[PDB]
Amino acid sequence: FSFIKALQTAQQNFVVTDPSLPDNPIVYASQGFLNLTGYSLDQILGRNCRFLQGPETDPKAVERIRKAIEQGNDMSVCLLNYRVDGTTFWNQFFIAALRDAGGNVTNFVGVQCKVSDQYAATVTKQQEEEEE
């Protein structure tokens, strides 16, 4: 199944990046990503998604995503991300590596879900208890 078509239909917040390009930049973003983050598309295309990060983002959470990308692994993390206006929100984030029939990573899709503080407390706790 097209996971992307599934996300389009469900009108989710997601982006697709191209690892064949230096620094793995956004080459597609849904309307949902734009509404959520406040960015317009010319602000987002061709950029690494790390702009979503800021001073209050947990760097160990970011490392999980980094490893997942190095391994062509699917993963999820709850971390804090930044809107175009500098304000934060909690992101239940998911990333998938898409592979061809030959097994080679061809793209990444990242899905963003806004969650409450209460939600984040629970998930971040198990993340910190994982880190310790």
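When you see a residue number, it is the position in the sequence shown, counting from 1.
- Between 108 to 116 and 8 to 16, it is 8 to 16 that carries the larger average Cα temperature factor according to the deposited entry.
- When 94 to 102 is weighed against 47 to 55, 94 to 102 comes out higher, by mean CA B-factor as recorded in the entry.
- In this PDB entry, the Cα temperature factor of residue 73 sits in the top third of its chain's modelled residues, the highest group.
- Remark: residue 124 belongs to the highest third of its chain, ranked by C-alpha B-factor as recorded.
- Ranked within its chain, residue 87 lands in the middle third, by CA B factor from the PDB record.
- Among all modelled residues in this chain, the alpha-carbon of residue 35 has a temperature factor (C-alpha) in the lowest third.
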